[PDB]
Structures are given as structure tokens and as C-alpha cells.
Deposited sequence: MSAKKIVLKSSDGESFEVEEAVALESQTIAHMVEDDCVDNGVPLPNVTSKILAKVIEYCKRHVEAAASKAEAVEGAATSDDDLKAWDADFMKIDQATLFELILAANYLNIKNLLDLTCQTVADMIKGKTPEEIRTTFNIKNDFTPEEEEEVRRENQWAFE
């Protein structure tokens, strides 16, 4: 009873209660062709809908997780944002800065002198 259109221009039909799980959709609704969603792909909109259907009633890969969080944030779906953010946090826990920047493909931008000072402060003062 609500039609959502992905960035791919494909139409998804969902129950009103399912679409209103998104605060973003909720207020585009509180304004019919279909709710266009330029920042959410068909693949990920599908996953978001699965989630919202089930909760109205994460064994995915890294690249899909990163896109799912961005959608949950864009669509303002609080419970989904929590689950995905918890999953990413659990990738952080127990790990060294290097194992982290490895998992997340981040490059260290600290000058050796900067990182030394921060590490000394962390360990000496805050641990």
C-alpha cells in the first residue's frame, strides 16, 4: 500500500506499517507515484524491507554491511541502525589500531611523533 522506488528505479510495494518503520519515509509520506529513494540501491532496499517486515511481524559480507548501515542511517530506521552499528562495533572490540585499519581499509594518517604521544597518553593516563 506504499510504493518505494530504489536508486535503480525499481518499485517495491510494502505494507504501510513496514514503510513507516523509516522516519525518513514517514515524513515523505506525511506529504501517488512512489517514494523515490536516490541513496538506496535495489539490493539494499530489499534487505531493509526484509528487516522491517520481520520486525513489524547479519550473516552478510563486509561491503553489504557498509551499505546497509548507510541506508539505515539515510532511512532513519533506529532498530536497524542499532543492529548494524552493534555488528560493526563487534568488529572493533579486542583489536589493535592496525588490525582495525586492516579490517576497515583505513590508512594511518598520524605522524609517528603524533601517534607516539597519543599512545603514551592513552596507556599512561587512561588505561
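- If you line the structure up with the deposited chain, the stretches without a C-alpha atom are 1 to 4, 36 to 38, 65 to 90.
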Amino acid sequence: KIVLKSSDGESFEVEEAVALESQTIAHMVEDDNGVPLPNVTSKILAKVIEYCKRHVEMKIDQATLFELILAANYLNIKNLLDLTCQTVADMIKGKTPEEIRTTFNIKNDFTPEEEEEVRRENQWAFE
From here on, numbers count along this sequence of modelled residues.
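Rigid core (definition): largest C-alpha set, two forms, superposition within 1.5 Å.
- After superposition on the rigid core, the larger root-mean-square Cα deviation in 4 other deposited structures of this protein belongs to 17 to 25, not to the other of 17 to 25 and 114 to 122.
- Of the other entries compared for this protein that flank it with modelled residues, all give atoms for residue 94, so not even a third lack it.
- Across the other PDB entries of this protein whose models span the neighbouring residues, residue 7 goes unmodelled in a third or more.
- Split the chain's modelled residues into thirds by C-alpha temperature factor. Residue 17 is in the highest one.
- When the CA B factors of the chain's modelled residues are split into thirds, the value for residue 27 lands in the highest one.
- The entry lists a Cα temperature factor for residue 39 that places it in the highest third of the chain's modelled residues.
- When the CA B factors of the chain's modelled residues are split into thirds, the value for residue 52 lands in the middle one.
- Among all modelled residues in its chain, residue 2 ranks in the highest third by Cα B-factor.
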